[PDB]
Structure formats: C-alpha cells, structure tokens
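Here we start with a single chain on its own, the form deposited in one PDB entry, put down as structure tokens.
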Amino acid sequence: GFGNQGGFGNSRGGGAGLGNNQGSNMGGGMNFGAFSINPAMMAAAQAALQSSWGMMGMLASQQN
C-alpha cells in the first residue's frame, strides 16, 4: 500500500534541534513523491516572489 511504517525507530518530517544547541535552528529539508506537479524555489535573497498558475492532470492509479 501507501505510506506505512514498520521496523524500529524510523521517522518522517522531523523537528529541529536534535543535536546540541547554543544558537538558532529553523526549519529543515524536503522530500517529494512520484507522479506530481511541484515548481520549486530555494532562495537567500533580500526580497523574494513566487507566482504560479494553470495546472491540470489525471493523477490516478489502477490495480484491479
């Protein structure tokens, strides 16, 4: 099936600050699946703008 967990000590979408900290931790990384529409931006600017429109698709699975 889809997106199940077993075994020992496995993790999805983890929180910040798992090590030793005397400063600032913010956010984390990203993971995406197959058969998807996902325009993407990674930016260290002073000002940043993302603008997207008009997306169509079937997005379907048959397993009879």
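The term rigid core refers to the most C-alpha atoms you can superpose between the two forms while keeping them within 1.5 Å. Residues that one form lacks are left out of the comparison. Throughout, we count residues from 1 along the sequence that is shown.
Below, we refer to the form deposited in another entry, which is not included among the displayed structures.
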Would you say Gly27 moves its Cα by 2 Å or more between this form and the one not shown, aligning on the core? yes
Aligned on the rigid core, do the two forms place the Cα of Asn10 2 Å or more apart, comparing between this form and the one not shown? yes
Given that the shift is 3 Å or more, do the Cα atoms of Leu49 and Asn25 end up closer or farther apart in the other form than in this form? closer
Checking the C-alpha spacing of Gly13 and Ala48, a student should find that in the other form it changes by 3 angstroms or more, with the atoms farther
What parts move between this form and the one not shown when you lay the two on the core: runs of 3+ residues, each CA off by 2 Å or more? 3 to 30
